[PDB]
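Chemist:
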Amino acid sequence: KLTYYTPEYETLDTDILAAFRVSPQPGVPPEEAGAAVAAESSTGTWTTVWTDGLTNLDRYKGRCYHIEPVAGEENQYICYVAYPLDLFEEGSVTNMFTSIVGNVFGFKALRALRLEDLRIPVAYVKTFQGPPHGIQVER
Amino acid sequence: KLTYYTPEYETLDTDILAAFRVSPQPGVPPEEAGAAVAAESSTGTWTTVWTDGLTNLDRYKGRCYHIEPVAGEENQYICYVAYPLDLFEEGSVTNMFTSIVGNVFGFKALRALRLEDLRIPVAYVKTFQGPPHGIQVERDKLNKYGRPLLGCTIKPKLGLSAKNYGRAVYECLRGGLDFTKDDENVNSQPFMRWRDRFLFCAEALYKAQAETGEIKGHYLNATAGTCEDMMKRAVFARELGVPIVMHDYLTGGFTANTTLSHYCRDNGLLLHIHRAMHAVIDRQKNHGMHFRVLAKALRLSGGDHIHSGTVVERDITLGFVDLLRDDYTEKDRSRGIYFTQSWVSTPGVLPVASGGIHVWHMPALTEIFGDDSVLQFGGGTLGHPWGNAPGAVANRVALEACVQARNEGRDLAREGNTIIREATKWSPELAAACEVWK
Amino acid sequence: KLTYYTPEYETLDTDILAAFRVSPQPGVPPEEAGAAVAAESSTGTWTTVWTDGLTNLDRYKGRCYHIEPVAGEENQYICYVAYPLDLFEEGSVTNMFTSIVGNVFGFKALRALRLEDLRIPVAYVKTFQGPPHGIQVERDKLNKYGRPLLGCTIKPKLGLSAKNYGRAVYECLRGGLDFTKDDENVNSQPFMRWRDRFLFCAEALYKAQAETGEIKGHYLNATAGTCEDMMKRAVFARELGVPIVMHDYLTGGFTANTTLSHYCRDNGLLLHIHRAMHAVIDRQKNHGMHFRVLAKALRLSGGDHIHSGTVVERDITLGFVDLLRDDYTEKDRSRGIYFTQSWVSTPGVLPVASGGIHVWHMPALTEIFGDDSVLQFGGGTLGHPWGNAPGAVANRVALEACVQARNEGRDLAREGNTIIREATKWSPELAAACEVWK
Amino acid sequence: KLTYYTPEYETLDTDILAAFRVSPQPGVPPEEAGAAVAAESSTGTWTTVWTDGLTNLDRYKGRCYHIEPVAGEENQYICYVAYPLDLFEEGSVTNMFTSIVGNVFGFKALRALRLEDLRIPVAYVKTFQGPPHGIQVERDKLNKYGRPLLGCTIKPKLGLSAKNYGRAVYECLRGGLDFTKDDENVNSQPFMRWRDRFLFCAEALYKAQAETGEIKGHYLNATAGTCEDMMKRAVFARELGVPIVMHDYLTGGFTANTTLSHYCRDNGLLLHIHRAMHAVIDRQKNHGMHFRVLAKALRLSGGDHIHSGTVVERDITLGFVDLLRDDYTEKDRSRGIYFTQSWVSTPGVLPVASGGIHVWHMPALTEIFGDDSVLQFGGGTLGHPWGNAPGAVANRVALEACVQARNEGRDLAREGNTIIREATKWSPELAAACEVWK
Amino acid sequence: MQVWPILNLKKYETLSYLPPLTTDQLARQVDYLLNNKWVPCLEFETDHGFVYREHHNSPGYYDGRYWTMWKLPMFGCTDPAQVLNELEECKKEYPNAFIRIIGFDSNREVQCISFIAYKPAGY
Amino acid sequence: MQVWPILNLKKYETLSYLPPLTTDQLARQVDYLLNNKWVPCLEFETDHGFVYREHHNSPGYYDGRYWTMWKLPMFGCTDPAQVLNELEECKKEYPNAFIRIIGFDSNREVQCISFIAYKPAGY
Ligand SMILES: [Mg+2]
Ligand SMILES: [Mg+2]
Ligand SMILES: [Mg+2]
């Protein structure tokens, strides 16, 4: 929780932001659930490893910067997580999904998890070709 | 309902059979729900079209031939549907999934839907290459027999320079592990481009192999944004003469995976498959696809290893482990095996157990998976107090201790801990590990 | 003026910003001059055209958003212009320069014009590959740490036979230098064809490496008349398994340079960039383009080394050295840095100091550039009284003496000479060098 | 000075001769400055090196053979330097510039330096392909004789959709213009990708050609970030069967330009060259390279058209126009021609006059350039009150009126306006143009 | 904190990280083969006890994997003593060779066992 | 005029061209690491003290660059004596090995130091 729930964090224009709909297991508070989602989808290790000291992990960690309850739902919150630009391969949707969605959905502290939206920063957008033609050209 | 619910239908040995877990909307009877699943996943049209008269649609329709209530569940049934052989493109897992699972899950008369199992007929099985190598060939190539293989995921996944990454690789392998691995997220990024990583990992694995005398490998992740980039990475691995590459088959996709699988067969490369993103699809009991379906698909598309969870529900896991390794597996509902499955000599796939495991889980893992498996210890190696090499030694010793004990007739379930403690008396590395983890 | 001088405009993080040093013709006010620079480098048409009504030109126009007088200069101002992201082709330095600098310099209302700096927005930075390797990777590949790298240009540039050239190469490297180099003029000529040179230089560098045990390299010049010829030379370097090739990026051109940069990334070759012809463009303060602009362009197109002058105005040089090596450099007018520049993890480039330097400049160079730099000694090695090898030894010893002293806390600025003289007492090679040069 | 100032030297017909405009630092005499230029651009070493004794350096040194004061200038001289044939790589403009201009401009003993002219010996000229086609072949291919060719730059350069761009192209060509053109900045950008532009421009030019019966062309800009991208664009132009492509030779570079020039020769494509960025280098009289040097270089590398300014200093322009078109041009200081230049049948290049010109400049342009030239009217066509087609008609009529008048013996210099006004009496399109522009 | 040794620490796969097997535990491993109906066989090597790459370098190719067969697989063996007897005879003839016991599973149609039984002095 | 030697003149990069470091100057170099907040670590090699090419020959590939780590990087080290103590223990165990001190800069995320601290007799 200490390293990953960062409610004071101001997002960077280069960050990929994720809005997760989190349903924690009974007994797991919001903040810990959100912190779990961020850790499990970025750095986070079940045991301490000495190699972490060869890098600055704060530069690569995912951060749960905001949490808000879901209206009319039993024990469900929308957690916002920020991922630094450096975690992703340029022009690769495959790598974008692997990094954000490749691991967290099976976290045991959660009973369910849904990715609702992603803010793709313009610096990452410029690394893709996008539509071969697009609406105007097609017409 | 009339055309699609066919309880008298006798399945053909060439039919693809699907076991769906159907949760109808309140007010929709079983038979109609099952008929809906069959129609919506095959022919079926909301309005009559004259073109149907130019063909014999009974030859192409899906048929719900059997329905049975689910025990202890409110309004949920298992519906069996048969699809004729002619609906599928040969050798294409992509087309198999598109046909069966591409449309039905959004049918409004259903509140939820889950594909539990598929019976792949042998005539369709023969149209796929299957694993590039398979269990037996891999063991023969690596010259490793009578024990589970051991691996280690390098961490942190992101942040280390390619050289520091290779340094960790060498220290891990020289201690007794067979493989080291690239995290599924590790493809090619700003602080570590793929080619630099491949190159240093190659220097590290060759040094470790020279030192110990045992063959070593490192799963070099070839997952990429395009088929072209993926192939470029596989080609360099071939140029380096290394034994194994890796692919995230679900995020990369079945089309790219099959391409990689074929190249690996043609070039003698072993292929390790990571199941990143699986829980997005196979976690909830009410909707999605059970992992066993995703496992069968991978065995057809091709892979030599596939992550299969850690266990330490047991029976369900052992059930799909049999489906990945054996040539024939009989129907067994107690293990989630809904259909008898034959593979007509398609090679087996080595299951990879991974996830927070350490020395103390060794007896259990050896007991449950047996010799044909790969046990992955990321933090379980890199978290040892003395470093990677002694961390590797502790894991290798613990494993061999268990293997010897099992071979001598000792019960791993009854005396696992005794077996480990006995080994600590002569292995300082293991003693140190045991002090940290239990 | 109305459309292009926009003092209230707030720049977007996606805009390319240019700082022009404008010298208007007498009678032309600042605002009109600045507006002219913006219009002439973007939209702007001498006569009204009906087609303009088919688009929204405000979305594509350049904007002079700020103007400030130049201190102590007669009728000269620094005009800031913003260009929208959409005007540029992704990954093309060629198009970036064509758009900003392709037309304005000939505008009659101006008596002179100089581009001083460009703020490359991160969204555009991400469209380039950048250096094939960069500072960190290069150090890891060569296994060289904690000191500036050392090189030597072989002379005479023209006249030696390929074998005599290789002989000089071997004698230089075996003495302790890391690299030897092809002069920018040395491509392929009558008395020394390129392939013969590559081949003998390869024999020489491998012999020196075997003798000393330290990795060696020789910048094999691939600059050529066509893309095809350039690629042929790079390919042979790859075949020889050597570590580094060279290109004269300005005379060869940005289009050819980017091609070479991409090939180097795909083949693991380091790329040394020579700035031949730069002074034709960056010398006069009133007209042209400052070198810092040419340096930023090279970091985008790609190169691992780039010549940056010798220093021994200091501050201006240190300013662009930061721009080549760092990930983020804040605006600093005292060093000619007109815009804050971020690189979003694009690798840094090793600056190469060269030009009439010898042993006595060592403390100054180490002090000013620091560890991440390449110090080139042509005549400073080949002019040593005892020959190339002792000449190399003198340079290597002098450098290591300075590094050790610095590391021990000694002030290189205050006691540089003392540090060198102290080393002559135990190094005959260095003593001999010191006798010849001071 | 002793080795490099050789006033008694008789130049060889194989020598490359350079005329430098030298501005020495105060206190540095002419002879020493000239000697410095020769040494710094050839051999010359700040310190003596033993390797020089393995060759005969007099065979490779540059020689300042003549010096003459510049009239009416404070401390400025024209120094003549001869470079032996052996210093240069055959067919490489890149190497020619690197050798002569790659180093000297930064020499501290000089306050400024400008290359004014180069005498390319015929033995070196024969090593280049030269223009892919040249003036005569181009006229024969297009079947256009006895008059200057006419073109039009499409504007706005950025902002129009590929289709709207093509629409403007068709309307321009159908009115009588021979060519339409891509702006130098137009490569491939967000709102208009290159392939879409090539495709619509092709539909437009074929429709205009079918309508009028006269051959039409559109300079499709192939300038790109890499050699590969540039070639992809040229290849599609070949596939479309169109007659002409374009390249910004200075921003793209000489290496990429030569590659494009060779491909154009092998595929029958005419090549239009834009001189974007030239004023950064050729504007100031004291430092840089005069355009005539850049023009000679392009004729060697290859191009069929080259922008040459508008004129309406005259004599200087006419001087380099002769150098681009003729087979032999005698020394003529009154026109800036410092050396007699022979081309041994290397094809001539069509000069392109462009820049704010309109109908009223027609008599002057026809008179000054003659038949072998291309007159470009961007705003002069697209700014006509009735639209592109009538704008084109006005330009075509004005030109033909001037040609007929000239052919009848009328003096274009004396009666140009009379000739135009006479034509307005029968051409409404022209009358309308004349009302808007004078 | 102990540092894992670098010199003379060559290994021989399965069971090589455990203390050398005594005749008793050696007999127990052979009993495991017999009980599973696997056929025991002996292999020895005098020149290259570890994997190397001399003749080729493509993926999956290594030299030194094949050792040389001591006689023939002991089909129909029912007593572990038979195997250990051969081990003794092999050692007598090749005291300078590495000797390992392998097992074949005719049902799975592959080699399935391989553990070092003897190493020359200093290994 | 002296001729630079050919035989037995193998070098070990940074600081290897200077006379062997005394314990004092050795301690000063370690203090430089600590003062810069770099993490010190020891590496040793007994078999190949210099770069070579056995397993591959492509650009940028060389064998012998990686040596073997003595224990672990000394995170949180505050005294140079700690490092020199380990040097002594390493030498005690591997008097036949080349030993070098390296440093890691966790901020720059790369190895940043490497200088030879011990060489076997005759090197
Ligand atoms: Mg992982
Ligand atoms: Mg040079
Ligand atoms: Mg233009």
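Protein chains in written order, with the deposited numbering: chain L, 21 to 159; chain E, 21 to 332, 338 to 463; chain B, 21 to 332, 338 to 463; chain B', 21 to 332, 338 to 463; chain F, 1 to 123; chain C, 1 to 123. A prime marks a further copy of an entry chain. Don't be surprised by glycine CBs; every beta carbon is placed ideally from N, CA and C.
By the 9 Å beta-carbon criterion, what residues does the region 90-124 of chain L contribute toward chain B?
Modeler: So the list reads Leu105, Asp106 and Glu110, given in the order they occur along the chain.
Chemist: Compute every distance between the C-beta of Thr63/L and the non-hydrogen atoms of ligand 1, then say whether any falls below 7 Å.
Modeler: Not under cutoff, so the answer is no.
Chemist: Do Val39/C and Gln156/B have their CB atoms nearer than 8 Å?
Modeler: No, the pair does not count as a contact, with Cβ atoms beyond the cut-off.
Chemist: Cβ of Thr67/L versus every heavy atom of ligand 1: is any distance shorter than 7 Å?
Modeler: No.
Chemist: Less than 8 Å between CB atoms is the rule here; does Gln156/L satisfy it with respect to chain B'?
Modeler: Yes - at least one Cβ of chain B' is within 8 Å of the one on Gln156/L.
Chemist: Could you check whether the region 403-414 of chain B touches the region 7-14 of chain C, counting it as contact only if at least three pairs of C-beta atoms, one from each stretch, sit closer than 8 Å?
Modeler: No: the two stretches stay apart, fewer than three of their Cβ pairs being nearer than 8 Å.
Chemist: Thinking just about the alpha-carbon of each residue, which of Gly195/B', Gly196/B' and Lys201/B' is nearest to the one in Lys177/B'?
Modeler: Closest by alpha carbon: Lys201/B'.
Chemist: For ligand 2, is there a heavy atom less than 7 Å away from the beta-carbon of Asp203/B?
Modeler: Yes, the Cβ of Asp203/B comes within 7 Å of a heavy atom of ligand 2.
Chemist: Compare the Cα-Cα distances from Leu270/B to each of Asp268/B', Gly122/B', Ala39/B' and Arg435/B' and report the closest residue.
Modeler: Here the closest residue by C-alpha is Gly122/B'.
Chemist: Might you give, ordered along the chain, the residues of its own chain that have their beta carbon closer than 6 Å to the beta carbon of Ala55/B', omitting 5 neighbours on each side?
Modeler: Around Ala55/B': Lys21, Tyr24, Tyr25 and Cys84.
Chemist: Does the beta-carbon of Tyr123/C have 16 or more other beta-carbons within 10 angstroms, so that it is buried, or is it exposed?
Modeler: Result: exposed.
Chemist: Applying the 10 Å Cβ sphere with the 16-neighbour rule, what's the burial state of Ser61/B'?
Modeler: The residue is buried, with at least 16 neighbouring Cβ atoms inside 10 Å.
Chemist: Straight-line CA distance for residue 336/E to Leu37/E?
Modeler: For chain E, the structure lists 332 followed at once by 338, and that leaves residue 336/E out of the model.
Chemist: Residues of chain F with CB closer than 7 Å to the CB of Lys92/C, please, in chain order.
Modeler: Chain F residues near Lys92/C: none, gap ~11 Å exceeds 7 Å.
Chemist: Mind pulling the beta strand (DSSP E) runs of 3 or more residues that sit fully within the region 29-106 of chain L?
Modeler: 36-44, 83-89 and 97-103, all fully within the region 29-106 of chain L.
Chemist: Starting from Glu45/F, follow the alpha helix (DSSP H) in both directions and report where the run begins and ends.
Modeler: That residue, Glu45/F, is in no alpha helix (DSSP H); its beta strand (DSSP E) goes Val39 to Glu45.
Chemist: Which residues does DSSP list as the beta-bridge partners of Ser379/B?
Modeler: In DSSP, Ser379/B forms a bridge with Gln401/B.
Chemist: Taking 8 Å as the CB-CB limit, is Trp66/L close to chain C?
Modeler: No, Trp66/L lies away from the interface with chain C (no Cβ there is under 8 Å from its Cβ).
Chemist: Is the shortest distance between the beta-carbon of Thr34/B and the beta-carbons of chain L less than 8 Å?
Modeler: Taking Cβ atoms only, chain L reaches closer than 8 Å to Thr34/B, which makes this a yes.
Chemist: With DSSP as the reference, please indicate the residues paired to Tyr353/E in a beta bridge.
Modeler: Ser367/E.
Chemist: Taking any Cβ of chain C, which residues in the region 267-290 of chain B have a Cβ under 8 Å from it, in chain order?
Modeler: Cβ contacts with chain C: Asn287, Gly288, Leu289 and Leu290.
Chemist: Measure the Cβ-Cβ separation of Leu291/B' and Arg258/B' and say whether it is below 8 Å.
Modeler: Against a cut-off of 8 Å, the Cβ pair of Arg258/B' and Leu291/B' comes out as no contact.
Chemist: According to DSSP, simplified to helix, strand and coil, what is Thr173/B?
Modeler: Three-state result, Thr173/B: strand.
Chemist: Since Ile264/B sits in a beta bridge, which residues does DSSP pair it with?
Modeler: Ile264/B is bridged to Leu290/B.
Chemist: Quick one, which residues of the region 74-102 of chain C are near chain E if we go by CB-CB under 9 Å, in chain order?
Modeler: Here the close residues number zero.
Chemist: Following a CB-centred definition, is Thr406/B' positioned closer than 7 Å to any heavy atom of ligand 3?
Modeler: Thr406/B' Cβ: outside cutoff for every heavy atom of ligand 3.
Chemist: Out of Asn241/B', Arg194/B' and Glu204/B', which one is the CA nearest neighbour of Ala230/B'?
Modeler: Out of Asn241/B', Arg194/B' and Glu204/B', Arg194/B' has the C-alpha closest to the C-alpha of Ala230/B'.
Chemist: Kindly list, in the order they appear in chain C, the residues whose Cβ is closer than 7 Å to that of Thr75/L.
Modeler: Neighbours of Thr75/L on chain C, chain order: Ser106 and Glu109.
Chemist: Report the residue ranges of all beta strand (DSSP E) runs contained in full by the region 120-192 of chain B; include only those spanning at least 3 residues, in chain order.
Modeler: Segments of the beta strand (DSSP E) lying fully in the region 120-192 of chain B: 130-139 and 169-173.
Chemist: Using a C-beta cutoff of 8 Å, does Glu248/B' count as contacting chain B?
Modeler: By this cut-off, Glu248/B' is an interface position.
Chemist: Excluding five sequence neighbours on each side, which residues of the same chain lie with their C-beta closer than 7 Å to the C-beta of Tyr165/E?
Modeler: Around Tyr165/E: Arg159.
Chemist: Closer than 6 Å by C-beta to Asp268/B: which residues in its own chain qualify, once you throw out the five before and the five after it? Chain order, please.
Modeler: Same-chain partners within the cutoff: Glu204, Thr243, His294 and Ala296.
Chemist: Contact between the region 368-381 of chain B and the region 137-156 of chain B: three or more CB pairs below 8 Å?
Modeler: Yes, the region 368-381 of chain B is in contact with the region 137-156 of chain B.
Chemist: List in chain order: all unbroken alpha helix (DSSP H) runs of 4+ residues lying wholly within the region 390-449 of chain B.
Modeler: You should have 404-407, 413-432 and 437-449.
Chemist: Is there at least one non-hydrogen atom of ligand 3 closer than 7 Å to the beta-carbon of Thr173/B'?
Modeler: Result yes, Cβ under 7 Å from ligand 3.
Chemist: So the alpha helix (DSSP H) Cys90/F belongs to, where does it begin and stop?
Modeler: Start and end: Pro80 to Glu93.
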